[PDB]
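Read through the structure below, which is laid out as structure tokens, and then see the notes.
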Amino acid sequence: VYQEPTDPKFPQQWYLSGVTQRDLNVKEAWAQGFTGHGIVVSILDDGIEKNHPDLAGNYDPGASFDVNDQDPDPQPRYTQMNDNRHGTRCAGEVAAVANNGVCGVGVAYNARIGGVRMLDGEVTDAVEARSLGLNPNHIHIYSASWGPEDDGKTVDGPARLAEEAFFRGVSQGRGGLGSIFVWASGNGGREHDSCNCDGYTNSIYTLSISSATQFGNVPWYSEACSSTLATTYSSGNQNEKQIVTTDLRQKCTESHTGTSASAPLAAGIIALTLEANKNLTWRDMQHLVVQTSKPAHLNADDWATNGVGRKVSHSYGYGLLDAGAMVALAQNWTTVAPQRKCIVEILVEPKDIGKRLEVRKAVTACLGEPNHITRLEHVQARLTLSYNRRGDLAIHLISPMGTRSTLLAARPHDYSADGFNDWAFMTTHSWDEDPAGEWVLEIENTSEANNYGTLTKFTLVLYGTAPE
Amino acid sequence: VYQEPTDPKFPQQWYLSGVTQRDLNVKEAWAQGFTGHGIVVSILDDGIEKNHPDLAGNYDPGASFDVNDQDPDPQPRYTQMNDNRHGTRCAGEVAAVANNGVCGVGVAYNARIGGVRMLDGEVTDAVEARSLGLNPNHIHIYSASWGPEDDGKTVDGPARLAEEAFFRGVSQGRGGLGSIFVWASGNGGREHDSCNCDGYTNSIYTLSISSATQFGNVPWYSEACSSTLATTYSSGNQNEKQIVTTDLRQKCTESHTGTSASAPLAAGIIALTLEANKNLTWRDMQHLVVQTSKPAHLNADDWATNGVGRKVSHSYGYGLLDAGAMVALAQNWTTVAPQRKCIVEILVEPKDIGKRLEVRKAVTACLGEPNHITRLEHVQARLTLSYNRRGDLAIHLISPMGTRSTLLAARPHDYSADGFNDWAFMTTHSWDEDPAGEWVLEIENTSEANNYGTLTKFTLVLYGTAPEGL
Amino acid sequence: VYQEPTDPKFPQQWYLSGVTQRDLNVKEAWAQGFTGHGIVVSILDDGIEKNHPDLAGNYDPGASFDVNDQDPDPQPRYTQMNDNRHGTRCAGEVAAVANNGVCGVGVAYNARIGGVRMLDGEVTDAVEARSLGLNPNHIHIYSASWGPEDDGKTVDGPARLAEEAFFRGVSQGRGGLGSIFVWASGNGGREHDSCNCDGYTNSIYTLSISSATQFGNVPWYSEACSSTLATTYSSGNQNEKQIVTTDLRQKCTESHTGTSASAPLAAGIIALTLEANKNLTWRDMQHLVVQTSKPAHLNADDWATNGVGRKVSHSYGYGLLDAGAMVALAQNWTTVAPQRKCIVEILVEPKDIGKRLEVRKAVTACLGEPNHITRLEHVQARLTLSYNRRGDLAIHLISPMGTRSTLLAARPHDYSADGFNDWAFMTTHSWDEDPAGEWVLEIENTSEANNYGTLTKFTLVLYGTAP
Amino acid sequence: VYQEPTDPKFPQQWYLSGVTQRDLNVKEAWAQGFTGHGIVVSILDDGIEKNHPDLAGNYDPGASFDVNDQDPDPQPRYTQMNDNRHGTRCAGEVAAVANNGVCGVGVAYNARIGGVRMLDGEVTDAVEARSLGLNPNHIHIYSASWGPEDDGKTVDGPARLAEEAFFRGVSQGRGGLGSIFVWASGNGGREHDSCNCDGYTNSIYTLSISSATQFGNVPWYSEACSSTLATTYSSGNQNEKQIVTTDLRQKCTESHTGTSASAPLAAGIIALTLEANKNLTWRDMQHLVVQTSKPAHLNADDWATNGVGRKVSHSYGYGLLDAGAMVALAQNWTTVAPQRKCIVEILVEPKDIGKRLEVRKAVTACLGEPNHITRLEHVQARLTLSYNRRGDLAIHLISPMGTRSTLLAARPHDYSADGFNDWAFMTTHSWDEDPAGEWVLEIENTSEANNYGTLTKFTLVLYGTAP
Amino acid sequence: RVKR
Amino acid sequence: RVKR
Amino acid sequence: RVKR
Amino acid sequence: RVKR
Ligand SMILES: *[C@@H]1O[C@H](CO[C@H]2O[C@@H](C)[C@@H](O)[C@@H](O)[C@@H]2O)[C@@H](O[C@@H]2O[C@H](CO)[C@@H](O[C@@H]3O[C@H](CO[C@H]4O[C@H](CO)[C@@H](O)[C@H](O)[C@@H]4O[C@@H]4O[C@H](CO)[C@@H](O)[C@H](O)[C@H]4NC(C)=O)[C@@H](O)[C@H](O[C@H]4O[C@H](CO)[C@@H](O[C@@H]5O[C@H](CO)[C@@H](O[C@@H]6O[C@H](CO)[C@H](O)[C@H](O)[C@H]6O)[C@H](O)[C@H]5NC(C)=O)[C@H](O)[C@@H]4O[C@@H]4O[C@H](CO)[C@@H](O[C@@H]5O[C@H](CO)[C@H](O)[C@H](O)[C@H]5O)[C@H](O)[C@H]4NC(C)=O)[C@@H]3O)[C@H](O)[C@H]2NC(C)=O)[C@H](O)[C@H]1NC(C)=O
Ligand SMILES: *[C@@H]1O[C@H](CO)[C@@H](O)[C@H](O)[C@H]1NC(C)=O
Ligand SMILES: [Ca+2]
Ligand SMILES: [Ca+2]
Ligand SMILES: [Ca+2]
Ligand SMILES: [Ca+2]
Ligand SMILES: [Ca+2]
Ligand SMILES: [Ca+2]
Ligand SMILES: [Ca+2]
Ligand SMILES: [Ca+2]
């Protein structure tokens, strides 16, 4: 009879297992024999305390590097305030050692954990590209808890080399199965930030993960957006428990917070899933998350059912990750058909936005062509527009099957007059729906100011597979 | 016994077969039984006259589409000046039908030829992406004889979707072997244009092809650059012959000119090579071109030998394509090792360019890492700089083995004050060299004017492999 | 004797009159019989509630128009957050009706007040040009409390048609005497914005007005720059009083704030001045402001005396406006000599700014030519330069007589790499000085960062007269 | 009574006095006693050989200056090729001395002639501004035979300071009557250049002058456009006579060519007109040119009659200048009413140009406003558009009274993808018409290529008067 | 353009 | 880039 | 884009 | 600027 961890803080890890059956259902995966054996996970952050008593046992030099110092040692730079404890805390959540009488345990406590020190300095394009593409054939999963500023005023994403790294990793990583990039959706909730304005979380190459409080509420730091895929527990208000993990200076903390705690927990769960089926492709993994994530017990004011009967929320994606279900579905999973990419120009003849603009277009989804799609995966609405007050805009995309995705909600702190230039707002909400039919783009000025601008380009890019 | 084409204009196709032997040596490939059977080539241009008497026989609807009109019919739009005859002329050079008593023959006269009408209208990013990614598993080779303005003033390249199309095609096309993109290097010679300022020819995903006149000289329209890979014959001065091919309105022309005639000729030769070995990857193909191309009988004032003993020219790349050699070396070719990508940041601290600037850096080429490279393929010198008069700049990159690549030569008509923003000047001149050692970047003001500017970023990206064995 | 207004809120209008002599000293102008009679003022903003109980009496349809909707009615668009109350508030400060038992009174309570609705929509070049050039021979004074974004990151100014409107109005307005354009200097203080990066306030055609708190301190929203001409009171911290005026929905407010309250108060004072002397040219008016404004009681850490003995500050220009003095000097005033314009190319050959750059040049100010100047008015330092981080630059201009004008102070939020393209930084601090001598331009990187750039053009344009 | 010049080359000056009675009709003006006395003209070019035997007599140091070298002496820089003979040739056409037994004579042979050396070096904004604004109250007429490159590929005009200079000179020059700026329309005919792409000739402040050959044909170098006002004779084909004037090294030439010969001849004629009436304003002068210019004998394929019955051509404006008529009409001229400026925003949203675009709008011409216009003068169609191949565009503007002005004809050498940014195409063809009614803008792709672009702004600016 |  |  |  |  499988014996759960004996670590001193395991009882405090309410999110791994805590009766109430209000957790990530990890114990069920462990019992089936899945704990991360043979899986390698790397934390792209400010470094990893490789000699930490609860990490040393699973530390992997091969999944580590210091890109900031161009050296193989990822040891964090120690400071009075412990500014560079971020990476270490994330590491522990993925693979803190189990049954060693120290702190708690990671989701994949038998996996190998490494760290890439790349945030402690100027984070250039080359630095991100080298981090994202480090040991594509040794590291299976990359966990990144960082991104553009979460002030609710910025629109930024990977540059040239990083963009190449993402595609390269997804195509050639893991011997062609594709690197798995797990991302924290963002902490700009209080600023009303939108994670669709974050090119890393908005990327189709990453599994953007959001948070939920112990009592199943939307955390105060949570950013809503249509690109989020799933959720994992994290910190909440003053009365809710937080995450337990390894901290700098060989310590143990019970107060790790934010979406930064959610991404690594997801990485751990994804690690268990890989052990259960090492042949899952980067796309297979996203399919598993969509099919097994549970919306139950997660409160939100926007749960909506899509065209294929699944509930989705802009705060939680498809719901809370379910380790047990993930592992179970992975075992007999048939790898998905080749990825098709259908590009359709909705308009290249300018249109005035004014107070509100609606663009409707009948789409055949490349019918009669090799990229014909009948089962959607990611959907990108590539917009190029000019507006005087960007944050006043709210953009929605409605699929033929009626699924209304909020590509962009109002951002009160965004006063930019720069608009958007070929920005690819991405939605996961129409996953598995048939794209054939009439699509509708909605752009509206949520303010009473008499704002103005022009939509000059709208390209709908559909990713997915052919009938089956 | 091999009986050459009996077509009326075949004798005039001096570049396919000449009495002097100064040709593309395709007859040798044909004799070995390689004429393009089973290979599909698509011309990305202004359309293809699919009902042309010398094209109909090889026309392939599956390798065709009209992106400008979102329709499957690639028929060109007829006008008084026959403005849209470009695609048809290129098609004929690749696969004009043989022994049918009409006009001449294409290099791969038994290949299937298709056309994508995408230049007759607004050529948007989405248009290019749909063209480059059309039937990745049916079309083997794409031939593109177009690019940014060749006025010697512009710096432009593929945008977001096209860039994705290129990599997607090279990764997933041909069932994972990679789509083969053949490109015309440019006709801005008279304007002193540089093809390294053309993101399509400068791309590592394309085989950029230049031209040579009948007497082996640098054509007047030829643009020099380090990204060019090989050459094919084409038009020259008033006393030199030109290319024979299918023209609009079911006609036959003996006066096709420019690098637009060279790219399709190269596509044809690449079609023969694929028939000889259907399993060559997009990289394997580039390796074959580098190894077989002949610098013989091609005049240039810049032939230089690289670190591995091969002669290279900024006007001809590694030389004239050799169909016979290509096909010969292709047959029992061993696919190359996995591609490694080494990114190295040379300079973080800004640097005054002034009159002249030299940046030297010792490079280990990712020694001790998974992307360690000891055998180079493409090399990109990614520069971000500001200058007041761009055209006055001349940039050179010197490999540890001493190969000096001209990344950018002076462009007298370029008065831009825009500089370069992460522009990846690419060189094929250090192919197969060991990248370990000291690299040198040279930036100089070729003018006597008081120009000024700053080099703010220089990232060296090395593509290649590591000499294994097992 | 003269009787002061009986309006219910007049006592609350501490800036018009108070126990302390810390006011605009308007009462003294009123007593002399100057209250705005015969003067027409127009508020270029989001509209004017023309039937407001404290505005209706002085409302003038001829000084009004709705450029946003191409219609003559300037009524503002009503919204629950009263977004378009800006114009109405400014109108009341200029000419709210007096002795009518409602709210307070305007500085020129007998002047006619109009409004141009032009900010409630896309503010195009044509919109600004039509607004600035509305009834040049009926409207004497235009009051504009708006401008480019005050985020401390932008550099913007009038476009082609608006630039034409400005010069056209200054040349042909008021039958050739010139339209008087009063401008609010900006509310980007908290962002460390510089009003020299605002082409409207930085224009020589406008009287840029700054603010001072009730206790004579630099308001938190105040932007410093060398183009500011004078100051008027306005809001300050939580312990200082604010401006009283007419608000939307026929209400009365005691909490109008910002430089938007200062411009209209200045327009009112300028209206009184015009009544006292209808023949003052647009330049005459600026001369009066320079000569009569008072530094006294206005606290700043940069008060400096210029070459002619006057104290100037980048926060207050020449000081607080003095209605009494303005009106007094206007009566005994001889219209100034014709304006001369001396253009001098300082450097056409590039220079590396690097960490610090100093350009010295001996200037004869067009000696021996028709544009010879011996008494300065506006001074423009036209710069064209490239730099990697604009906000790190600090630019100073020193006149032969030693007056150091800060053309541009550091703007921490300005990360632009666009530099400046023939931007005319303007200074009013050398007014009346003799321009002959050596001028010095100073450009310095105030940051420890490794910035870089080049100054490619420096044209000094001198405006002024000869005896 | 009056005796015509006895100068040796006067007989060769066929354009002045010719028994074909096919000339500029200057003799008629001379006879009435108008030869330029008291009028000052300045040539803005590469300098003037002030000691030339046929110029010295009329040379005026006060109308001269060397802006290139910041010195008063305008002497041209001598070169083996005499590259800098341009200014001297123009000077002679305006005021070469008469009856002195040397060369020929100028149109205003008793006027004072000066020269500004400003083209022999970098022609900066400041240089143009100082040249255009040199001695506004001493120089009456400025003659400029230069402009942006005439390659049929460029769109360029005056920069910030030059723009100011133009407006300043027109407002304050000649004691407020306005400086008169005469401009050569351009020699890019062979390149199919359009003078509406030249901001100097396209300016309303300048009288743009075109050429006509001896036999009354459109010269091969002639550029057509709607901003040209009138014409004067000049060189033509190998079988037609050319202009006689003073050349460098104290020589005399009979082969001066191009529109550069036309502008100074027009300046001379305008000098005679000023002597006949010193109080004509810069606008009065343009009115005289419009009313007195004779289309007769000028061959063109586009003569069209406008809404007020006058014939106009894009090659000749209103026709050949008539010195006699000019002088005659000047004497009895009543200065025109004040200039109104009506700005009207035409678009409500972006229009796709595609293959062809037509924009129609009903215009009231500021009815009910101070700028209401009933009699047009200049008309500007301010366009902001993007297109992939600029030279393929042809733009037309049709006035309510049916006058179709070609704002832009195809320029086969223009491959620019930069479009136009608030470019003010100007037409003089609707002069005196009533602007009230429906205006129509036409933009068409004259090529078979499938070009594309967007018109994002169209502002119609009407200049003129009311009764 | 912003109101002040 | 900011840590989360 | 121009044809070559 | 070119002379004409
Ligand atoms: C590319 O690639 C391709 C392929 O690939 C492949 O390759 C290979 C090679 C490898 O590499 C792999 O891996 C790969 O995959 C190629 O191709 C190839 O080629 C080759 C060449 O090189 C070839 O081979 C050859 O062959 C021939 C034959 O022919 C053929 O063909 C035909 C038709 O046409 C037919 O009929 C036939 O049958 C054939 O066939 C074939 O077969 C096979 C089987 O084997 C199969 O498999 C296949 O499939 C088929 N195919 C076809 C083609 O068809 C021949 O001729 C030759 O032979 C020769 O040589 C050899 C070697 O060198 C030798 O051998 C020898 O043999 C013997 C027996 O006899 C032996 O002994 C033995 O041993 C054992 C041990 O274990 C025990 O001890 C016993 O007891 C003993 O007996 C030895 O060992 C061997 N050696 C060796 C080295 O191996 C033979 O013999 C021969 O020889 C000759 O002989 C003759 C007669 O005898 C002589 O002559 C004479 O001489 C005298 C003197 O005294 C006098 O003079 C007289 O007059 C005369 O007559 C001579 O001299 C000799 N020589 C020598 C050299 O020695 C061979 O086999 C193949 O086949 C192919 N394959 C295919 C797939 O195709 C290609 O090439 C490539 N290309 C490039 C790019 O390079
Ligand atoms: C994965 O694929 C390999 C073939 O590469 C196969 O041998 C192996 O059994 C598969 N394992 C799983 C878990 O699917
Ligand atoms: Ca533990
Ligand atoms: Ca965010
Ligand atoms: Ca044939
Ligand atoms: Ca080129
Ligand atoms: Ca009142
Ligand atoms: Ca400001
Ligand atoms: Ca004479
Ligand atoms: Ca021209």
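Starting from 1 in every chain, residues are counted up; chains themselves are A, B, ... following the order of the structure tokens, and ligands are numbered from 1 as listed.
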List the spatial neighbours of residue 114 in chain D as a list in words - criterion: any atom at most 8 Å away, only C-alpha atoms, same-chain residues fewer than 2 positions off excluded. residues 40, 41, 42, 43, 48, 50, 59, 60, 61, 62, 63, 64, 91, 112 and 116 of chain D
Could you save those same residues with C-alpha atoms as a PDB file, in the first residue's frame?
ATOM      1  CA  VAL D  40      14.375  96.945 -56.001  1.00  0.00           C
ATOM      2  CA  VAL D  41      14.747  93.338 -57.137  1.00  0.00           C
ATOM      3  CA  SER D  42      16.933  90.625 -55.646  1.00  0.00           C
ATOM      4  CA  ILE D  43      18.060  87.385 -57.300  1.00  0.00           C
ATOM      5  CA  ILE D  48      25.788  88.148 -58.930  1.00  0.00           C
ATOM      6  CA  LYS D  50      28.091  93.071 -59.457  1.00  0.00           C
ATOM      7  CA  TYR D  59      23.662  97.099 -58.845  1.00  0.00           C
ATOM      8  CA  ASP D  60      22.338  97.588 -55.298  1.00  0.00           C
ATOM      9  CA  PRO D  61      24.472  96.443 -52.316  1.00  0.00           C
ATOM     10  CA  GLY D  62      21.357  96.747 -50.183  1.00  0.00           C
ATOM     11  CA  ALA D  63      19.572  94.053 -52.155  1.00  0.00           C
ATOM     12  CA  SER D  64      22.575  91.735 -51.920  1.00  0.00           C
ATOM     13  CA  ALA D  91      20.052  89.512 -62.900  1.00  0.00           C
ATOM     14  CA  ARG D 112      17.943  98.393 -58.849  1.00  0.00           C
ATOM     15  CA  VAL D 116      21.965  86.786 -52.787  1.00  0.00           C
TER      16      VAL D 116
END
Could you tell me, counting only C-alpha atoms and all ligand atoms, which protein and nucleic acid residues lie no more than 7 Å from ligand 9, written as a list in words?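 The residues near ligand 9 are residues 7, 54, 96, 97, 98, 99, 100, 101, 102, 103, 104 and 105 of chain D.
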With N, CA, C and O atoms kept, could you save the residues just selected as a short mmCIF file (atom, residue, chain, number, x, y, z; two decimals), in the first residue's frame?
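The result, stored in out-v1.cif:
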data_model
loop_
_atom_site.label_atom_id
_atom_site.label_comp_id
_atom_site.auth_asym_id
_atom_site.auth_seq_id
_atom_site.Cartn_x
_atom_site.Cartn_y
_atom_site.Cartn_z
N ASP D 7 20.85 99.39 -77.32
CA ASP D 7 21.82 98.33 -77.01
C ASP D 7 21.98 97.37 -78.19
O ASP D 7 20.99 96.96 -78.82
N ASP D 54 27.12 95.45 -67.70
CA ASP D 54 25.72 95.72 -67.97
C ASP D 54 24.85 95.62 -66.71
O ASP D 54 23.62 95.69 -66.79
N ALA D 96 19.25 94.58 -66.72
CA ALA D 96 20.51 94.88 -67.39
C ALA D 96 20.37 96.34 -67.83
O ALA D 96 19.29 96.77 -68.26
N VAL D 97 21.45 97.10 -67.70
CA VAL D 97 21.45 98.51 -68.07
C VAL D 97 21.11 98.75 -69.54
O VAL D 97 21.56 98.02 -70.44
N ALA D 98 20.31 99.78 -69.79
CA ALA D 98 19.91 100.12 -71.15
C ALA D 98 20.70 101.30 -71.76
O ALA D 98 21.27 102.13 -71.04
N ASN D 99 20.73 101.34 -73.09
CA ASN D 99 21.40 102.41 -73.84
C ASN D 99 22.84 102.67 -73.40
O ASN D 99 23.28 103.82 -73.33
N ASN D 100 23.57 101.61 -73.11
CA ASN D 100 24.96 101.76 -72.69
C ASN D 100 25.87 101.03 -73.65
O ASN D 100 27.03 100.77 -73.33
N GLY D 101 25.33 100.71 -74.82
CA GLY D 101 26.11 100.03 -75.84
C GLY D 101 26.63 98.65 -75.45
O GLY D 101 27.56 98.12 -76.06
N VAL D 102 26.02 98.06 -74.42
CA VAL D 102 26.45 96.73 -73.99
C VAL D 102 25.31 95.74 -73.97
O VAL D 102 24.23 96.04 -73.46
N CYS D 103 25.58 94.57 -74.53
CA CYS D 103 24.63 93.46 -74.57
C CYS D 103 23.21 93.94 -74.89
O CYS D 103 23.01 94.65 -75.88
N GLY D 104 22.25 93.57 -74.06
CA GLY D 104 20.88 93.99 -74.28
C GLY D 104 20.35 94.84 -73.14
O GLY D 104 21.07 95.70 -72.63
N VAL D 105 19.11 94.61 -72.75
CA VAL D 105 18.50 95.36 -71.66
C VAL D 105 17.57 94.46 -70.85
O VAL D 105 17.09 93.44 -71.36
#
Around ligand 10, at most 10 Å away and counting only C-alpha atoms and all ligand atoms, which residues are there? Put them as a VMD selection string, please. (chain D and resid 146 to 156 184 to 189 191 to 201 221 to 225) or (chain H and resid 2 4)
For ligand 2, collect every residue having any atom at a distance of at most 10 Å from a ligand atom (counting only C-alpha atoms and all ligand atoms); output as a PyMOL selection string. chain A and resi 175+274-280+330-335
Excluding residue 3 in chain F and its own-chain neighbours fewer than 6 positions away, which residues fall within 7 Å of it when counting only C-alpha atoms? Please give them as a PyMOL selection string. chain A and resi 145-147
Mind checking which residues fall within 8 Å of residue 1 in chain G, counting only C-alpha atoms, ignoring those fewer than 4 positions away in the same chain, and posting them as a short mmCIF file (atom, residue, chain, number, x, y, z; two decimals) with N, CA and C atoms, in the first residue's frame?
data_model
loop_
_atom_site.label_atom_id
_atom_site.label_comp_id
_atom_site.auth_asym_id
_atom_site.auth_seq_id
_atom_site.Cartn_x
_atom_site.Cartn_y
_atom_site.Cartn_z
N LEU B 119 2.05 37.67 -56.80
CA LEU B 119 2.70 38.97 -56.92
C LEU B 119 1.81 40.00 -57.59
N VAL B 123 1.25 42.30 -51.92
CA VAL B 123 1.98 41.15 -51.42
C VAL B 123 2.16 41.28 -49.92
N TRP B 146 11.84 36.96 -56.90
CA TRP B 146 11.34 38.27 -56.48
C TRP B 146 11.88 38.60 -55.12
N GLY B 147 11.68 39.84 -54.68
CA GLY B 147 12.16 40.25 -53.38
C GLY B 147 11.96 41.74 -53.19
N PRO B 148 12.55 42.33 -52.14
CA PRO B 148 12.40 43.76 -51.89
C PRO B 148 12.99 44.56 -53.04
N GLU B 149 12.58 45.81 -53.15
CA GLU B 149 13.04 46.73 -54.18
C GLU B 149 14.57 46.65 -54.35
#
Enumerate as a list in words the residues within 8 Å of ligand 3, counting only C-alpha atoms and all ligand atoms. residues 7, 8, 9, 54, 96, 97, 98, 99, 100, 101, 102, 103, 104, 105 and 106 of chain A
DSSP on the backbone, then: every residue of range 114-343 of chain C marked helix (DSSP H, G or I), written as a VMD selection string. chain C and resid 125 to 132 160 to 176 189 to 191 195 to 197 259 to 276 282 to 292 323 to 331
Neighbouring residues of residue 386 in chain B were defined as those with any atom within 10 Å, considering only C-alpha atoms; residues of the same chain fewer than 2 positions away were excluded. Please report them as a ChimeraX atom specification. /B:352-353,383-384,388-390,417-421,452-456 /C:386,388,453
Quick one: residues within 10 Å of ligand 1, with only C-alpha atoms and all ligand atoms, as a list in words?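 Those within range of ligand 1 are residues 276, 327, 328, 329, 330, 331, 332 and 333 of chain B.
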Output C-alpha atoms for every residue in the selection just made, as a short mmCIF file (atom, residue, chain, number, x, y, z; two decimals), in the first residue's frame.
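Saved to selection_2.cif:
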data_model
loop_
_atom_site.label_atom_id
_atom_site.label_comp_id
_atom_site.auth_asym_id
_atom_site.auth_seq_id
_atom_site.Cartn_x
_atom_site.Cartn_y
_atom_site.Cartn_z
CA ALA B 276 18.75 10.88 -57.70
CA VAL B 327 23.46 14.09 -59.22
CA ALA B 328 26.64 12.04 -58.83
CA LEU B 329 27.38 13.09 -55.27
CA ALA B 330 23.72 12.89 -54.29
CA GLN B 331 23.10 9.22 -55.04
CA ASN B 332 24.83 7.54 -52.11
CA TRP B 333 24.99 10.66 -49.94
#
For chain H, which residue out of D:10, D:142, D:167, D:183 is the nearest one, using only C-alpha atoms?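 Answer, going by the shortest atom-to-atom distance: D:183.
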Per-residue DSSP, range 57-216 of chain C, filtered to strand (DSSP E or B), as a VMD selection string: chain C and resid 59 65 to 66 71 112 to 117 141 to 144 146 to 147 156 180 to 184 194 198 206 to 212
List every residue of chain B that has an atom at most 6 Å from any atom of ligand 5, and for each one report the closest atom pair and its distance in Å to one decimal, counting only C-alpha atoms and all ligand atoms, with rows sorted by chain and then by increasing residue number, as a Markdown table.
| residue | atom | partner | partner_atom_place_in_ligand_line | distance |
| --- | --- | --- | --- | --- |
| B:7 | CA | ligand 5 | 1 (Ca) | 5.3 |
| B:54 | CA | ligand 5 | 1 (Ca) | 5.1 |
| B:96 | CA | ligand 5 | 1 (Ca) | 5.6 |
| B:97 | CA | ligand 5 | 1 (Ca) | 4.4 |
| B:98 | CA | ligand 5 | 1 (Ca) | 4.3 |
| B:99 | CA | ligand 5 | 1 (Ca) | 5.8 |
| B:100 | CA | ligand 5 | 1 (Ca) | 5.3 |
| B:101 | CA | ligand 5 | 1 (Ca) | 5.9 |
| B:102 | CA | ligand 5 | 1 (Ca) | 4.2 |
| B:103 | CA | ligand 5 | 1 (Ca) | 4.8 |
| B:104 | CA | ligand 5 | 1 (Ca) | 4.3 |
| B:105 | CA | ligand 5 | 1 (Ca) | 4.6 |
Preceding selection exported with C-alpha atoms as a PDB file, in the first residue's frame:
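The result, stored in selection_0.pdb:
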ATOM      1  CA  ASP B   7      12.987  20.517 -79.561  1.00  0.00           C
ATOM      2  CA  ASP B  54       5.264  23.638 -73.662  1.00  0.00           C
ATOM      3  CA  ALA B  96       9.238  22.955 -70.258  1.00  0.00           C
ATOM      4  CA  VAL B  97       8.172  19.754 -72.042  1.00  0.00           C
ATOM      5  CA  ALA B  98      10.815  17.920 -74.083  1.00  0.00           C
ATOM      6  CA  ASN B  99      10.714  16.333 -77.535  1.00  0.00           C
ATOM      7  CA  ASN B 100       7.356  17.858 -78.363  1.00  0.00           C
ATOM      8  CA  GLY B 101       8.562  20.017 -81.226  1.00  0.00           C
ATOM      9  CA  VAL B 102       7.899  23.184 -79.262  1.00  0.00           C
ATOM     10  CA  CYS B 103      10.319  25.845 -78.076  1.00  0.00           C
ATOM     11  CA  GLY B 104      13.053  24.276 -75.929  1.00  0.00           C
ATOM     12  CA  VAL B 105      13.202  22.139 -72.794  1.00  0.00           C
TER      13      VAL B 105
END
